[PDB]
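**Q** Pasting a structure here, questions to come.
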Amino acid sequence: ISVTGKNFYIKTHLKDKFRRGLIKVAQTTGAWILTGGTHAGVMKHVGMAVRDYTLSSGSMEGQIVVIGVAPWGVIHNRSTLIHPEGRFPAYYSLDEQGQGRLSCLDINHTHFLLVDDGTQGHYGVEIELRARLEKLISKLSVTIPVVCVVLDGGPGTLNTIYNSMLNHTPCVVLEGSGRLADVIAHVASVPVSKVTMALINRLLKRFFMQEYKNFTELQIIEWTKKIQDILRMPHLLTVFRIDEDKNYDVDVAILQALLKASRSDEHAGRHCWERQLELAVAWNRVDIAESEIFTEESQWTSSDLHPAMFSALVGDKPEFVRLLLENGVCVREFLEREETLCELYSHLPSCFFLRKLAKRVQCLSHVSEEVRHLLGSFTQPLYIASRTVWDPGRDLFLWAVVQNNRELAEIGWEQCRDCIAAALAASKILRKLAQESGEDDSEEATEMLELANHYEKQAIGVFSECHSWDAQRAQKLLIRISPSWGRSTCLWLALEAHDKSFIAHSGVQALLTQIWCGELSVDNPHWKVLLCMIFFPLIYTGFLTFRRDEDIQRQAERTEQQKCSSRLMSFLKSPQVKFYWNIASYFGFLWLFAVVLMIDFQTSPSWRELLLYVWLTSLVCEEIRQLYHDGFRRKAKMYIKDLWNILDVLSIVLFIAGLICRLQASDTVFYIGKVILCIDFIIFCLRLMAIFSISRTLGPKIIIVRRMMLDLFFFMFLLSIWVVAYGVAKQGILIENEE
Amino acid sequence: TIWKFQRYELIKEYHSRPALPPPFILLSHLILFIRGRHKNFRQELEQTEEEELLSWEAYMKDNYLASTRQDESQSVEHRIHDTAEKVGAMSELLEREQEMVXXXXXXXXXXXXXXXXXXXXXXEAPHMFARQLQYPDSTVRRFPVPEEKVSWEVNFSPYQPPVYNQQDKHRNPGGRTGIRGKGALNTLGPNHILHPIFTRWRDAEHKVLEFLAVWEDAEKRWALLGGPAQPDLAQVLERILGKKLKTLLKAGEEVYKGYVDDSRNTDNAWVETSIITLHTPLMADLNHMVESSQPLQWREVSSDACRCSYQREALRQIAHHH
Amino acid sequence: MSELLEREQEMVXXXXXXXXXXXXXXXXXXXXXXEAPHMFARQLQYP
Ligand SMILES: Nc1ncnc2c1ncn2[C@@H]1O[C@H](COP(=O)(O)OP(=O)(O)OC[C@H]2O[C@H](O)[C@H](O)[C@@H]2O)[C@@H](O)[C@H]1O
Ligand SMILES: [Ca+2]
């Protein structure tokens, strides 16, 4: 971009909009900016603008090059710079007070060409070189896009416009700028009629207010011929309306000049539209690309877009990636090489995740450890080292919902297959990083929780519509194993994720009840179940409908409209009868253990004491079967992570300690054994109490234990200081000095 | 909430364990241990049915998503933005159309009223390449010649073109050229170029035309070869075809002849030309000679020849005549 | 606004065009060449 705008009076609104826009087009691409080097006016203006940006980034990236071209004989203190020795850092004296001819450099630039023709008194000779330079770095390679911007101006602006546009490097003219720019903005019609010396003289009297007496007839006719030669090429020029709040800044002007150049070009349709789009993504102008290059006539292929859309996905451009996937980018072809996925996780921006991930780094196969730690570890691991089903949509949505780009994450989900699984897995990993976020970040954390709530609502919406569509297919859908997303199932994953508003849905409660009744019916009440638990052959006599009989009657009816030992064992394999029968056995256990704690407690163990010994061997055998069906020490670590089984382990180790102290002969350890057995009794009764109220979770139990031990400790501490100080004051009153 | 979770965990534990409580689980675990998955919670589906199942799930998702988009379009927090954008477009279009909104018609009517009373009482672009400021291969800038100053029919006063011939009467028709003298032209007069008809019937020769054309100029696309020959006859053009590139049966037609534009046109010297174009696709006497310049081919298209108005008119004549 | 727009569009040249055509013609031809009655008397019941 070259800016070729000594005396210009722009008002502050346009100057501020132009400063901000030219910085926002400086920081984007890594692009060169070319200017005449004199510190008078707009060259110093863009020098101050690029100085303010290069302080604002702290020289961390880019260092935008401002190469300048200036005439040798017009500069001020060149004899301080005229040594035949090289590489020496010379000092320049700006001083703001040069002579009327010799202006000075702007020191906010960085590179300087000084062109030397020996004229020593005129500004004009230098330019004939400068536009030639533009063509050279247009000839360097596809070609580099080239564009000049034009503001207020004079005679120098008109000559550099003319010597640019005769070399096919197009130019943009800013409206509302004053001297020459508003002249070319007024000439927007009548290519034959407007070019008269009279109309140009009328306009140059209308705009060039103060300098109008400096005109001569040779200069006005050279001007009129130059502007007639300029305006006769209407496909390289563009007048450009002012930077307004109605979605127009200099990025739109630069794009439209690039396209009105490349439209009527000879051979731009084969290769220029690539770098056209690759620039168009960097400024996030969705409507211009949507209305200009994604037209009906282009008829591209889908694999060629795969660079460009990648950048639109590497920097959180949601509306633009929707435009890409609507125009023909297909996610299945996108993720073919796994190196693209490695690049995606390489270019992952800053979040809580990669901060937690680089600790494990100090590799896509490396990601699965942080995944399965953030998820429940009971799943399989995924993302294997070499293609564990590939499934691109799951990978894309996983990346998205990890990096927390929300409006990108909806696009990640709507393309995915296996909907309810991925929705709830996103909910689980969100709530896991919500809890595990230790560095405060309270707005970040509440956005995390809001996102997890959103996806839980999405999952119950999809499943509610599936359940209103069919019934038994939805029951087939809940218990499904998933090829994708490892080895989990939906109901388990929602149960472990504690998604409180999903498991209290009507259909999933119906499936839970239909498991919990088992082979019996789901319609009979529970008191008839207790009465069937009373009498053993009354199951032959009771009403007590079954799954088999119910379905048979039901199955037969639909068709018409359209056109001893096994049975009692099947009763016996219910979970409800197993539960009631087990808790009655547990009550009998409490009764006999409370009997022989007190009465039949001789030195040698008694008859019923041996019965209590064999029921506790029975309980430890049932516990070891529980461990045997649901590495090996990893299975033990997953076993102890419950709340009921830690109580049963503590109970059996305390019982075996009390029993092995009941073998002894001393009376003190005999009493100690009685003490251990009694406290073990109340541990068992507390386990029966917690068989109803408490759950299997340990997390919020640990947190509640900490926060209530805190309050009890604190109130006991202030109670202790009040107790101790009152007691010692009473001792200081009601006794003498001696004690 | 917690009642459902307690019910779930209760359903989760006791589904696994067998019957016969610890008084007889000492029996039952022993006979299971000496004996030797579950298809209710976690079941493995066969791949025959998972495809239909996932497709039905995706169709249900599509239905839900369409329903949510439609009922998101109904809330008033969206209708307010819709009416805002529509009123913005309406006010912009109303200002634009009122800016497009009879005096001339009234004047015409007045003229009709009058003229009638009187009756009752009774009874283009110039040669712009010649105006290009830098004359080629020369240190001479021409004078600025505007578009109203083109022809000699009107007079602009301070018009002093510096005469400049190359040291190796007339007026320029159709445009003031800003420089006098022969320049890079040989004579101080209308040097005539001639052009031999180079064409052939292209592939799919029904309404087509190819031509053996030369790209030795290191310039834009292919033009047919030729040369400025001796003016005034056609056997000199035959000798020019023999020289720059016998044959008896031929003719010459579609002769564009006259003033041709250049960046070398001066006040008194200019270029004029005579370009012809006419022609089985063989042309055996034309395929007899092998043409040497390496850049030269058979241009089978007629896409305006990618050159000046002479070559564009030459391509238009072969596109119209055949 | 909608009521006034319907009313004003209902107030919205053929006659003018016809007049113009007549002017075009008539000119060519020229070139070629060179109240209430007495209502009380109508009252139905004669007094
Ligand atoms: N390179 C220069 N450095 C300092 N002052 C200059 C320069 N050129 C002209 N002036 C002063 O401009 C004043 C006239 O004001 P106006 O006509 O509105 O600006 P212009 O059209 O002349 O700018 C032409 C330059 O701008 C572009 O960068 C081109 O490359 C040119 O180098 C005179 O007093 C000059 O001293
Ligand atoms: Ca257990």
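Every chain in the structure tokens takes a letter, A first, then B, and so on in the order presented; its residues are numbered from 1, and the ligands are numbered from 1 following the presented order.
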Excluding residue 211 (chain B) and residues on its chain fewer than 5 positions from it, collect all residues at most 9 Å away from it, counting only C-alpha atoms, and give them as a ChimeraX atom specification.
**A** /B:198-202,223-224,297-301
**Q** I want to know what sits within 10 Å of residue 132 (chain B), based on only C-alpha atoms, with residues of the same chain fewer than 5 positions away left out; could you give that as a tab-separated table (two decimals) with N, CA and C atoms, in the first residue's frame?
**A**
chain	number	residue	atom	x	y	z
A	225	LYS	N	-5.39	17.84	-19.37
A	225	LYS	CA	-5.06	16.64	-20.13
A	225	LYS	C	-4.77	15.47	-19.21
A	229	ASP	N	-6.88	11.96	-19.14
A	229	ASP	CA	-6.25	10.66	-19.34
A	229	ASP	C	-6.53	9.73	-18.16
B	127	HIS	N	-7.75	9.85	-31.59
B	127	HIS	CA	-6.58	8.99	-31.56
B	127	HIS	C	-5.81	9.23	-30.27
B	141	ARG	N	8.96	15.00	-24.40
B	141	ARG	CA	7.57	15.02	-23.97
B	141	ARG	C	6.78	15.90	-24.92
B	142	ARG	N	5.60	15.44	-25.32
B	142	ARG	CA	4.78	16.22	-26.22
B	142	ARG	C	4.00	17.27	-25.44
B	143	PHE	N	3.23	18.05	-26.15
B	143	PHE	CA	2.41	19.07	-25.53
B	143	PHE	C	1.10	18.46	-25.04
B	144	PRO	N	0.54	18.98	-23.96
B	144	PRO	CA	-0.78	18.51	-23.53
B	144	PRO	C	-1.91	18.93	-24.45
B	145	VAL	N	-2.50	17.96	-25.14
B	145	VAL	CA	-3.52	18.23	-26.15
B	145	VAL	C	-4.86	17.69	-25.68
B	177	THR	N	-1.61	16.00	-32.68
B	177	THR	CA	-0.68	15.02	-32.15
B	177	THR	C	0.42	15.62	-31.29
B	178	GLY	N	0.46	16.95	-31.14
B	178	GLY	CA	1.34	17.57	-30.17
B	178	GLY	C	2.82	17.59	-30.50
B	262	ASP	N	-1.51	5.25	-33.54
B	262	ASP	CA	-0.18	4.88	-33.08
B	262	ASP	C	0.24	5.85	-31.99
B	263	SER	N	1.25	5.43	-31.22
B	263	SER	CA	2.00	6.32	-30.36
B	263	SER	C	3.15	7.00	-31.07
B	264	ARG	N	3.15	6.97	-32.40
B	264	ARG	CA	4.17	7.64	-33.19
B	264	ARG	C	3.60	8.70	-34.13
**Q** All residues within 9 Å of ligand 2 are required, counting only C-alpha atoms and all ligand atoms; please report them as a ChimeraX atom specification.
**A** /A:622-627,644-646,648 /B:13
**Q** For C-alpha atoms, I'd like the residues from the last selection saved as a short mmCIF file (atom, residue, chain, number, x, y, z; two decimals), in the first residue's frame.
**A**
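Wrote it out as part-v3.cif, contents follow:
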data_model
loop_
_atom_site.label_atom_id
_atom_site.label_comp_id
_atom_site.auth_asym_id
_atom_site.auth_seq_id
_atom_site.Cartn_x
_atom_site.Cartn_y
_atom_site.Cartn_z
CA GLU A 622 -19.98 -60.98 48.71
CA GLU A 623 -17.75 -57.91 48.72
CA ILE A 624 -14.96 -59.76 46.97
CA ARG A 625 -17.43 -60.95 44.31
CA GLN A 626 -18.49 -57.30 43.87
CA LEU A 627 -14.84 -56.41 43.36
CA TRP A 644 -20.63 -47.40 50.58
CA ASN A 645 -17.64 -49.63 49.93
CA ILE A 646 -15.24 -47.51 51.99
CA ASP A 648 -17.73 -51.77 54.34
CA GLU B 13 -26.00 -51.74 42.66
#
**Q** Check the DSSP output for the backbone and give back, as a ChimeraX atom specification, the residues of region 68-259 of chain A in helix (DSSP H, G or I).
**A** /A:72-74,78-80,124-139,155-165,181-186,197-207,212-214,217-231,250-259
**Q** Could those residues be written to a file, using C-alpha atoms, as a compact mmCIF listing (two decimals), in the first residue's frame?
**A**
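The file below, out-v4.txt, is the result:
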# COMPACT_ATOMS: atom_id res chain seq x y z
CA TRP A 72 18.20 14.17 -2.43
CA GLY A 73 18.48 17.86 -3.16
CA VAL A 74 15.31 18.86 -1.27
CA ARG A 78 22.51 16.12 3.96
CA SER A 79 26.11 17.27 4.45
CA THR A 80 25.88 15.67 7.90
CA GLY A 124 9.16 16.78 -9.15
CA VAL A 125 12.14 14.89 -10.62
CA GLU A 126 12.10 12.12 -7.97
CA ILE A 127 8.71 10.48 -8.78
CA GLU A 128 9.44 9.05 -12.25
CA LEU A 129 11.48 6.50 -10.35
CA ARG A 130 9.01 5.75 -7.59
CA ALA A 131 6.10 4.17 -9.39
CA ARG A 132 8.65 2.04 -11.28
CA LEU A 133 9.62 0.59 -7.90
CA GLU A 134 5.98 -0.40 -7.40
CA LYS A 135 5.98 -2.43 -10.62
CA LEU A 136 9.11 -4.26 -9.50
CA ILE A 137 7.56 -5.48 -6.29
CA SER A 138 4.46 -6.22 -8.27
CA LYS A 139 6.54 -8.38 -10.60
CA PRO A 155 0.02 19.07 -8.26
CA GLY A 156 2.21 16.30 -6.85
CA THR A 157 -0.74 14.02 -6.14
CA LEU A 158 -1.98 14.34 -9.71
CA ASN A 159 1.37 13.45 -11.24
CA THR A 160 1.84 10.43 -8.99
CA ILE A 161 -1.69 9.20 -9.71
CA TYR A 162 -1.04 9.53 -13.44
CA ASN A 163 2.33 7.85 -13.30
CA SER A 164 0.85 5.04 -11.23
CA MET A 165 -2.32 4.28 -13.21
CA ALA A 181 -9.62 14.25 -4.00
CA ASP A 182 -12.95 16.07 -3.97
CA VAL A 183 -12.24 17.17 -7.56
CA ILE A 184 -11.96 13.58 -8.76
CA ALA A 185 -14.94 12.72 -6.54
CA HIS A 186 -17.04 15.36 -8.28
CA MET A 197 -11.19 23.53 -19.50
CA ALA A 198 -14.20 25.57 -18.36
CA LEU A 199 -15.70 22.95 -16.02
CA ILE A 200 -12.29 22.06 -14.59
CA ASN A 201 -11.63 25.77 -14.11
CA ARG A 202 -15.00 26.11 -12.36
CA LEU A 203 -14.15 23.22 -10.03
CA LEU A 204 -10.61 24.44 -9.33
CA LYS A 205 -12.10 27.81 -8.47
CA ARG A 206 -14.65 26.03 -6.28
CA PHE A 207 -12.14 24.03 -4.19
CA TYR A 212 -6.04 29.85 -7.04
CA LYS A 213 -4.05 32.91 -8.10
CA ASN A 214 -0.96 30.72 -8.59
CA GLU A 217 -2.57 28.57 -18.61
CA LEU A 218 0.10 25.99 -19.43
CA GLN A 219 -0.34 24.38 -16.02
CA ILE A 220 -4.13 24.35 -16.25
CA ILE A 221 -4.00 22.71 -19.64
CA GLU A 222 -1.44 20.09 -18.51
CA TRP A 223 -3.78 19.43 -15.59
CA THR A 224 -6.82 19.10 -17.84
CA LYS A 225 -5.06 16.64 -20.13
CA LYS A 226 -3.83 14.60 -17.15
CA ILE A 227 -7.28 14.33 -15.58
CA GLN A 228 -8.81 13.45 -18.95
CA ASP A 229 -6.25 10.66 -19.34
CA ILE A 230 -6.97 9.47 -15.79
CA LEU A 231 -10.76 9.48 -15.99
CA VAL A 250 -10.67 1.49 4.26
CA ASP A 251 -10.69 -2.31 4.18
CA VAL A 252 -13.81 -2.25 1.99
CA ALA A 253 -12.17 0.27 -0.32
CA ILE A 254 -8.98 -1.77 -0.65
CA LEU A 255 -10.98 -4.91 -1.43
CA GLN A 256 -13.25 -3.27 -3.98
CA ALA A 257 -10.32 -1.67 -5.78
CA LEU A 258 -8.60 -5.05 -5.89
CA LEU A 259 -11.71 -6.59 -7.41
**Q** So which residues are near ligand 1, meaning at most 10 Å away with only C-alpha atoms and all ligand atoms counted, given back as a PyMOL selection string?
**A** chain A and resi 2-8+34-43+68-72+74-75+100-106+122-128+130-131+150-161+178-180+208+211
**Q** Restricted to C-alpha atoms, what would the selected residues look like written as a tab-separated table (two decimals), in the first residue's frame?
**A**
chain	number	residue	atom	x	y	z
A	2	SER	CA	1.46	3.35	-0.96
A	3	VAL	CA	0.00	6.56	0.46
A	4	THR	CA	0.50	9.57	-1.78
A	5	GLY	CA	-1.77	12.25	-0.34
A	6	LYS	CA	2.38	20.17	2.42
A	7	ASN	CA	-0.84	22.07	3.35
A	8	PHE	CA	-3.99	20.01	4.07
A	34	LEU	CA	5.36	3.32	0.83
A	35	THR	CA	5.45	7.10	1.21
A	36	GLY	CA	7.37	10.17	0.17
A	37	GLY	CA	9.73	10.87	3.05
A	38	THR	CA	9.19	14.55	3.87
A	39	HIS	CA	7.97	15.43	7.38
A	40	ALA	CA	5.51	18.00	6.05
A	41	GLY	CA	1.92	16.89	6.33
A	42	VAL	CA	0.42	13.52	5.65
A	43	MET	CA	3.67	11.57	5.52
A	68	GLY	CA	10.38	5.95	2.05
A	69	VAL	CA	11.54	7.55	-1.17
A	70	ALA	CA	12.66	11.18	-1.01
A	71	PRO	CA	14.55	13.55	-3.34
A	72	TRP	CA	18.20	14.17	-2.43
A	74	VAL	CA	15.31	18.86	-1.27
A	75	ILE	CA	16.49	17.48	2.09
A	100	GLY	CA	11.05	27.49	2.77
A	101	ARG	CA	12.31	25.03	0.17
A	102	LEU	CA	14.26	22.39	2.09
A	103	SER	CA	11.95	20.31	4.24
A	104	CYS	CA	13.25	17.47	6.42
A	105	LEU	CA	12.73	13.75	6.91
A	106	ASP	CA	10.09	12.26	9.14
A	122	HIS	CA	12.77	20.93	-7.44
A	123	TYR	CA	10.50	18.26	-5.88
A	124	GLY	CA	9.16	16.78	-9.15
A	125	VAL	CA	12.14	14.89	-10.62
A	126	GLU	CA	12.10	12.12	-7.97
A	127	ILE	CA	8.71	10.48	-8.78
A	128	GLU	CA	9.44	9.05	-12.25
A	130	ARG	CA	9.01	5.75	-7.59
A	131	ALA	CA	6.10	4.17	-9.39
A	150	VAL	CA	-5.02	9.28	-2.22
A	151	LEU	CA	-5.92	12.25	0.00
A	152	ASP	CA	-6.02	16.06	-0.35
A	153	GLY	CA	-3.12	16.70	-2.65
A	154	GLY	CA	-2.14	19.33	-5.16
A	155	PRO	CA	0.02	19.07	-8.26
A	156	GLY	CA	2.21	16.30	-6.85
A	157	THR	CA	-0.74	14.02	-6.14
A	158	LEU	CA	-1.98	14.34	-9.71
A	159	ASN	CA	1.37	13.45	-11.24
A	160	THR	CA	1.84	10.43	-8.99
A	161	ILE	CA	-1.69	9.20	-9.71
A	178	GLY	CA	-10.20	18.77	0.14
A	179	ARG	CA	-8.00	19.87	-2.75
A	180	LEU	CA	-7.71	17.17	-5.46
A	208	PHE	CA	-8.58	25.44	-4.41
A	211	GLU	CA	-3.85	29.04	-4.03
**Q** Just want the 9 Å neighbourhood of residue 652 (chain A), counted on only C-alpha atoms, with same-chain residues fewer than 6 positions away dropped. Output as a PyMOL selection string.
**A** chain A and resi 616+619-620+680
**Q** Those residues you just picked out, can you put them in a file as a compact mmCIF listing (two decimals), in the first residue's frame with N, CA, C and O atoms?
**A**
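To be explicit, this is the file written out as part-v6.txt:
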# COMPACT_ATOMS: atom_id res chain seq x y z
N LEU A 616 -20.13 -62.67 58.78
CA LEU A 616 -19.16 -61.68 58.32
C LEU A 616 -18.18 -62.25 57.29
O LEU A 616 -17.72 -61.51 56.41
N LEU A 619 -20.26 -61.76 54.22
CA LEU A 619 -20.23 -60.40 53.70
C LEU A 619 -18.92 -60.08 53.01
O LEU A 619 -18.91 -59.40 51.98
N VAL A 620 -17.79 -60.55 53.56
CA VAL A 620 -16.54 -60.25 52.87
C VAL A 620 -16.43 -61.06 51.57
O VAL A 620 -15.84 -60.60 50.59
N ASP A 680 -17.75 -50.86 66.16
CA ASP A 680 -18.01 -51.44 64.85
C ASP A 680 -19.50 -51.63 64.61
O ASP A 680 -19.98 -51.47 63.48
**Q** Can you pull out every residue within 10 Å of region 25-37 of chain C, counting only C-alpha atoms, but drop anything in the same chain fewer than 5 positions away, and send it as a PyMOL selection string?
**A** (chain B and resi 112+116+119-120+122-123) or (chain C and resi 19-20+42)
**Q** By how many Å are CA of residue 322 (chain A) and CA of residue 486 (chain A) apart?
**A**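 We find that CA of residue 322 (chain A) and CA of residue 486 (chain A) lie 28.5 Å from each other.
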**Q** Any idea what the distance is between CA of residue 352 (chain A) and CA of residue 430 (chain A)?
**A**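 Taking CA of residue 352 (chain A) as the start and CA of residue 430 (chain A) as the end point, the length is 11.6 Å.
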**Q** Could you pull the residues within 12 Å of residue 669 (chain A), counting only C-alpha atoms, minus those fewer than 4 positions along the same chain, as a PyMOL selection string?
**A** chain A and resi 603+657-665+673-676
**Q** Keeping only N, CA, C and O atoms, write the selected residues as a tab-separated table (two decimals), in the first residue's frame.
**A**
chain	number	residue	atom	x	y	z
A	603	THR	N	-15.60	-66.18	77.49
A	603	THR	CA	-14.20	-66.10	77.10
A	603	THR	C	-13.97	-66.77	75.75
A	603	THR	O	-13.54	-66.13	74.78
A	657	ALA	N	-9.87	-56.71	63.31
A	657	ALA	CA	-9.00	-56.28	64.39
A	657	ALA	C	-9.58	-56.64	65.75
A	657	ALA	O	-8.87	-57.16	66.62
A	658	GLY	N	-10.88	-56.39	65.95
A	658	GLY	CA	-11.51	-56.77	67.20
A	658	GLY	C	-11.55	-58.26	67.43
A	658	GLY	O	-11.40	-58.73	68.56
A	659	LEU	N	-11.71	-59.04	66.36
A	659	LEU	CA	-11.71	-60.49	66.48
A	659	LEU	C	-10.32	-61.02	66.80
A	659	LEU	O	-10.17	-61.91	67.65
A	660	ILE	N	-9.28	-60.50	66.14
A	660	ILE	CA	-7.95	-61.00	66.42
A	660	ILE	C	-7.45	-60.50	67.77
A	660	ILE	O	-6.52	-61.09	68.34
A	661	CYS	N	-8.05	-59.45	68.33
A	661	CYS	CA	-7.83	-59.15	69.73
A	661	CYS	C	-8.76	-59.93	70.66
A	661	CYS	O	-8.56	-59.90	71.87
A	662	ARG	N	-9.77	-60.60	70.12
A	662	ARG	CA	-10.59	-61.49	70.93
A	662	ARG	C	-10.01	-62.89	71.06
A	662	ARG	O	-10.64	-63.75	71.69
A	663	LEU	N	-8.86	-63.16	70.46
A	663	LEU	CA	-8.20	-64.45	70.66
A	663	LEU	C	-7.39	-64.45	71.96
A	663	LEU	O	-7.06	-65.51	72.49
A	664	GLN	N	-7.08	-63.26	72.49
A	664	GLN	CA	-6.07	-63.08	73.52
A	664	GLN	C	-6.56	-63.59	74.88
A	664	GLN	O	-7.67	-64.10	75.04
A	665	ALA	N	-5.69	-63.42	75.88
A	665	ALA	CA	-5.89	-63.92	77.24
A	665	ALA	C	-5.94	-62.84	78.31
A	665	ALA	O	-6.52	-63.07	79.37
A	673	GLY	N	-11.23	-55.46	72.96
A	673	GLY	CA	-11.97	-56.12	71.91
A	673	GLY	C	-13.46	-55.86	71.99
A	673	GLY	O	-14.12	-55.66	70.96
A	674	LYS	N	-14.01	-55.83	73.21
A	674	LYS	CA	-15.42	-55.48	73.37
A	674	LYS	C	-15.70	-54.05	72.92
A	674	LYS	O	-16.73	-53.78	72.28
A	675	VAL	N	-14.77	-53.13	73.21
A	675	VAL	CA	-14.89	-51.74	72.78
A	675	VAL	C	-14.90	-51.63	71.25
A	675	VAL	O	-15.73	-50.93	70.65
A	676	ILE	N	-13.96	-52.34	70.61
A	676	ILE	CA	-13.84	-52.30	69.15
A	676	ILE	C	-15.08	-52.89	68.48
A	676	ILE	O	-15.60	-52.33	67.51
**Q** What residues in chain B have any atom no more than 9 Å from chain A when counting only C-alpha atoms, and can you write them as a PyMOL selection string?
**A** chain B and resi 1-2+4-11+14-27+29-30+33+40-45+53-55+57-58+60-65+124-125+128+132+143-148+158
**Q** Would you kindly return, as a list in words, each protein, DNA or RNA residue with an atom no farther than 12 Å from any atom of residue 25 (chain A), considering only C-alpha atoms and excluding same-chain residues fewer than 5 positions away?
**A**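 Result of the neighbour search: residues 1, 18, 19, 20, 30, 31, 32, 33, 49, 50, 53, 64, 249, 250, 251, 252, 253, 254, 255, 279, 280, 282, 283 and 284 of chain A.
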**Q** Could you pull out the residues in region 64-313 of chain B that DSSP calls strand (DSSP E) from the backbone, as a list in words?
**A**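 Answer for region 64-313 of chain B, restricted to strand (DSSP E): residues 191, 192, 193, 194, 195, 211, 212, 213, 214, 256, 257, 258, 259, 271, 272, 273, 274, 275, 296, 297, 298 and 299 of chain B.
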**Q** Rounded to one decimal place, report the CA of residue 593 (chain A)-CA of residue 612 (chain A) distance in Å.
**A**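 If I compute the distance from CA of residue 593 (chain A) to CA of residue 612 (chain A), I get 6.4 Å.
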**Q** Got a sec: who's within 12 Å of residue 526 (chain A), counting only C-alpha atoms, leaving out chain neighbours fewer than 2 positions off, as a PyMOL selection string?
**A** chain A and resi 516-517+520-524+528-533+544+576-577+580
**Q** Of the residues B:77, B:111, B:151, B:171, which is the one nearest to chain C, using only C-alpha atoms?
**A**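 The closest residue to chain C is B:111.
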**Q** Counting only C-alpha atoms, which of C:40, C:4, C:22, C:46 gets nearest to chain B?
**A** C:22
